[PDB]
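S.K.: Below is final.cif; it holds mmCIF, N, CA and C atoms and all ligand atoms; chains and numbers go by the auth columns.
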```cif
data_entry
loop_
_atom_site.group_PDB
_atom_site.id
_atom_site.type_symbol
_atom_site.label_atom_id
_atom_site.label_comp_id
_atom_site.label_asym_id
_atom_site.label_seq_id
_atom_site.Cartn_x
_atom_site.Cartn_y
_atom_site.Cartn_z
_atom_site.B_iso_or_equiv
_atom_site.auth_seq_id
_atom_site.auth_asym_id
ATOM 1 N N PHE A 1 26.568 -170.528 50.370 0.00 1 R
ATOM 2 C CA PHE A 1 25.451 -170.999 49.604 0.00 1 R
ATOM 3 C C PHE A 1 25.798 -171.544 48.223 0.00 1 R
ATOM 4 N N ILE A 2 25.025 -172.347 47.501 0.00 2 R
ATOM 5 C CA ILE A 2 25.244 -172.804 46.151 0.00 2 R
ATOM 6 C C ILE A 2 24.054 -172.442 45.260 0.00 2 R
ATOM 7 N N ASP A 3 24.227 -171.468 44.327 0.00 3 R
ATOM 8 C CA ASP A 3 23.215 -170.869 43.631 0.00 3 R
ATOM 9 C C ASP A 3 22.823 -171.695 42.453 0.00 3 R
ATOM 10 N N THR A 4 21.537 -172.161 42.437 0.00 4 R
ATOM 11 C CA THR A 4 20.863 -173.040 41.418 0.00 4 R
ATOM 12 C C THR A 4 21.036 -172.433 40.056 0.00 4 R
ATOM 13 N N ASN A 5 20.698 -171.118 39.781 0.00 5 R
ATOM 14 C CA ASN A 5 20.799 -170.621 38.427 0.00 5 R
ATOM 15 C C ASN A 5 22.142 -169.933 38.192 0.00 5 R
ATOM 16 N N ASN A 6 23.220 -170.227 38.984 0.00 6 R
ATOM 17 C CA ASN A 6 24.569 -169.671 38.935 0.00 6 R
ATOM 18 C C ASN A 6 24.771 -168.196 38.491 0.00 6 R
ATOM 19 N N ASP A 7 24.331 -167.308 39.328 0.00 7 R
ATOM 20 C CA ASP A 7 24.829 -165.911 39.384 0.00 7 R
ATOM 21 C C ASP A 7 25.508 -165.616 40.684 0.00 7 R
ATOM 22 N N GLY A 8 25.332 -166.478 41.750 0.00 8 R
ATOM 23 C CA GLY A 8 25.982 -166.345 43.087 0.00 8 R
ATOM 24 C C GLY A 8 25.206 -165.314 43.955 0.00 8 R
ATOM 25 N N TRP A 9 24.000 -164.793 43.557 0.00 9 R
ATOM 26 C CA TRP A 9 23.228 -163.978 44.359 0.00 9 R
ATOM 27 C C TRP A 9 21.981 -164.828 44.692 0.00 9 R
ATOM 28 N N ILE A 10 21.340 -164.490 45.743 0.00 10 R
ATOM 29 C CA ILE A 10 19.973 -164.912 46.007 0.00 10 R
ATOM 30 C C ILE A 10 18.965 -163.846 45.576 0.00 10 R
ATOM 31 N N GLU A 11 18.025 -164.110 44.606 0.00 11 R
ATOM 32 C CA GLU A 11 16.885 -163.369 44.140 0.00 11 R
ATOM 33 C C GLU A 11 15.578 -163.713 44.773 0.00 11 R
ATOM 34 N N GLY A 12 14.751 -162.705 44.894 0.00 12 R
ATOM 35 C CA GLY A 12 13.418 -162.966 45.404 0.00 12 R
ATOM 36 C C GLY A 12 12.684 -163.942 44.549 0.00 12 R
ATOM 37 N N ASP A 13 12.044 -164.953 45.141 0.00 13 R
ATOM 38 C CA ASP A 13 11.235 -165.954 44.610 0.00 13 R
ATOM 39 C C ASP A 13 12.037 -166.935 43.569 0.00 13 R
ATOM 40 N N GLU A 14 13.385 -167.050 43.659 0.00 14 R
ATOM 41 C CA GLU A 14 14.224 -167.940 42.954 0.00 14 R
ATOM 42 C C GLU A 14 14.147 -169.281 43.748 0.00 14 R
ATOM 43 N N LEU A 15 14.337 -170.360 42.973 0.00 15 R
ATOM 44 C CA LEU A 15 14.273 -171.684 43.503 0.00 15 R
ATOM 45 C C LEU A 15 15.485 -171.998 44.267 0.00 15 R
ATOM 46 N N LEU A 16 15.334 -172.493 45.511 0.00 16 R
ATOM 47 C CA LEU A 16 16.414 -172.868 46.349 0.00 16 R
ATOM 48 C C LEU A 16 16.924 -174.297 46.056 0.00 16 R
ATOM 49 N N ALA A 17 18.261 -174.509 45.959 0.00 17 R
ATOM 50 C CA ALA A 17 18.886 -175.818 45.842 0.00 17 R
ATOM 51 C C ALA A 17 18.903 -176.560 47.241 0.00 17 R
HETATM 52 LA LA LA B . 20.557 -166.622 41.879 0.00 101 N
#
```
Since I need it in another form, could you write the structure as structure tokens?
Ligand SMILES: [La+3]

M.R.:
Amino acid sequence: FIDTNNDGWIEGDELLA
């Protein structure tokens, strides 16, 4: 995956790239 807000985790309700 490529994390939009660059922490490398997926968070609930975070915007997907
Ligand atoms: La994130």

S.K.: So which residues touch residue 17 of chain R within 9 Å, counting only C-alpha atoms, skipping near sequence neighbours fewer than 2 positions away, as a list in words?

M.R.: residues 1, 2, 3, 4 and 15 of chain R

S.K.: Given the file shown, determine the residues that the PyMOL selection byres (((not hetatm)) within 6.5 of (chain N and resi 101)) selects; report them as a PyMOL selection string.

M.R.: chain R and resi 3-11

S.K.: If the box runs along x, y and z of the file and leaves 3 Å on each side of segment 11-16 of chain R, what are its centre and edge lengths in Å, one decimal, as lines of an AutoDock Vina configuration file?

M.R.:
```
center_x = 14.6
center_y = -168.5
center_z = 44.7
size_x = 12.8
size_y = 17.6
size_z = 9.4
```

S.K.: Please complete chain R with N, CA, C and O atoms and give it back as a PDB file, in the coordinates of the input.

M.R.:
```pdb
ATOM      1  N   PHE R   1      26.568-170.528  50.370  1.00  0.00           N
ATOM      2  CA  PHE R   1      25.451-170.999  49.604  1.00  0.00           C
ATOM      3  C   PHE R   1      25.798-171.544  48.223  1.00  0.00           C
ATOM      4  O   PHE R   1      26.877-171.227  47.762  1.00  0.00           O
ATOM      5  N   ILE R   2      25.025-172.347  47.501  1.00  0.00           N
ATOM      6  CA  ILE R   2      25.244-172.804  46.151  1.00  0.00           C
ATOM      7  C   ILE R   2      24.054-172.442  45.260  1.00  0.00           C
ATOM      8  O   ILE R   2      22.888-172.852  45.481  1.00  0.00           O
ATOM      9  N   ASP R   3      24.227-171.468  44.327  1.00  0.00           N
ATOM     10  CA  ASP R   3      23.215-170.869  43.631  1.00  0.00           C
ATOM     11  C   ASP R   3      22.823-171.695  42.453  1.00  0.00           C
ATOM     12  O   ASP R   3      23.622-171.889  41.524  1.00  0.00           O
ATOM     13  N   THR R   4      21.537-172.161  42.437  1.00  0.00           N
ATOM     14  CA  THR R   4      20.863-173.040  41.418  1.00  0.00           C
ATOM     15  C   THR R   4      21.036-172.433  40.056  1.00  0.00           C
ATOM     16  O   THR R   4      21.541-173.161  39.175  1.00  0.00           O
ATOM     17  N   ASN R   5      20.698-171.118  39.781  1.00  0.00           N
ATOM     18  CA  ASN R   5      20.799-170.621  38.427  1.00  0.00           C
ATOM     19  C   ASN R   5      22.142-169.933  38.192  1.00  0.00           C
ATOM     20  O   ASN R   5      22.250-169.075  37.285  1.00  0.00           O
ATOM     21  N   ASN R   6      23.220-170.227  38.984  1.00  0.00           N
ATOM     22  CA  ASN R   6      24.569-169.671  38.935  1.00  0.00           C
ATOM     23  C   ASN R   6      24.771-168.196  38.491  1.00  0.00           C
ATOM     24  O   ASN R   6      25.416-167.873  37.534  1.00  0.00           O
ATOM     25  N   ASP R   7      24.331-167.308  39.328  1.00  0.00           N
ATOM     26  CA  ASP R   7      24.829-165.911  39.384  1.00  0.00           C
ATOM     27  C   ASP R   7      25.508-165.616  40.684  1.00  0.00           C
ATOM     28  O   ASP R   7      26.274-164.663  40.733  1.00  0.00           O
ATOM     29  N   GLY R   8      25.332-166.478  41.750  1.00  0.00           N
ATOM     30  CA  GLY R   8      25.982-166.345  43.087  1.00  0.00           C
ATOM     31  C   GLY R   8      25.206-165.314  43.955  1.00  0.00           C
ATOM     32  O   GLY R   8      25.789-164.855  44.937  1.00  0.00           O
ATOM     33  N   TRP R   9      24.000-164.793  43.557  1.00  0.00           N
ATOM     34  CA  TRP R   9      23.228-163.978  44.359  1.00  0.00           C
ATOM     35  C   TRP R   9      21.981-164.828  44.692  1.00  0.00           C
ATOM     36  O   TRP R   9      21.628-165.762  43.944  1.00  0.00           O
ATOM     37  N   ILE R  10      21.340-164.490  45.743  1.00  0.00           N
ATOM     38  CA  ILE R  10      19.973-164.912  46.007  1.00  0.00           C
ATOM     39  C   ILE R  10      18.965-163.846  45.576  1.00  0.00           C
ATOM     40  O   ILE R  10      19.034-162.662  45.979  1.00  0.00           O
ATOM     41  N   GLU R  11      18.025-164.110  44.606  1.00  0.00           N
ATOM     42  CA  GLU R  11      16.885-163.369  44.140  1.00  0.00           C
ATOM     43  C   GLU R  11      15.578-163.713  44.773  1.00  0.00           C
ATOM     44  O   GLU R  11      15.293-164.868  45.148  1.00  0.00           O
ATOM     45  N   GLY R  12      14.751-162.705  44.894  1.00  0.00           N
ATOM     46  CA  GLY R  12      13.418-162.966  45.404  1.00  0.00           C
ATOM     47  C   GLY R  12      12.684-163.942  44.549  1.00  0.00           C
ATOM     48  O   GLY R  12      12.650-163.775  43.341  1.00  0.00           O
ATOM     49  N   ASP R  13      12.044-164.953  45.141  1.00  0.00           N
ATOM     50  CA  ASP R  13      11.235-165.954  44.610  1.00  0.00           C
ATOM     51  C   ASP R  13      12.037-166.935  43.569  1.00  0.00           C
ATOM     52  O   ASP R  13      11.401-167.479  42.686  1.00  0.00           O
ATOM     53  N   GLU R  14      13.385-167.050  43.659  1.00  0.00           N
ATOM     54  CA  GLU R  14      14.224-167.940  42.954  1.00  0.00           C
ATOM     55  C   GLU R  14      14.147-169.281  43.748  1.00  0.00           C
ATOM     56  O   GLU R  14      13.923-169.335  44.938  1.00  0.00           O
ATOM     57  N   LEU R  15      14.337-170.360  42.973  1.00  0.00           N
ATOM     58  CA  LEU R  15      14.273-171.684  43.503  1.00  0.00           C
ATOM     59  C   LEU R  15      15.485-171.998  44.267  1.00  0.00           C
ATOM     60  O   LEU R  15      16.626-171.782  43.736  1.00  0.00           O
ATOM     61  N   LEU R  16      15.334-172.493  45.511  1.00  0.00           N
ATOM     62  CA  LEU R  16      16.414-172.868  46.349  1.00  0.00           C
ATOM     63  C   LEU R  16      16.924-174.297  46.056  1.00  0.00           C
ATOM     64  O   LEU R  16      16.157-175.259  45.914  1.00  0.00           O
ATOM     65  N   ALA R  17      18.261-174.509  45.959  1.00  0.00           N
ATOM     66  CA  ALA R  17      18.886-175.818  45.842  1.00  0.00           C
ATOM     67  C   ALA R  17      18.903-176.560  47.241  1.00  0.00           C
ATOM     68  O   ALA R  17      19.186-175.925  48.271  1.00  0.00           O
TER      69      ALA R  17
END
```
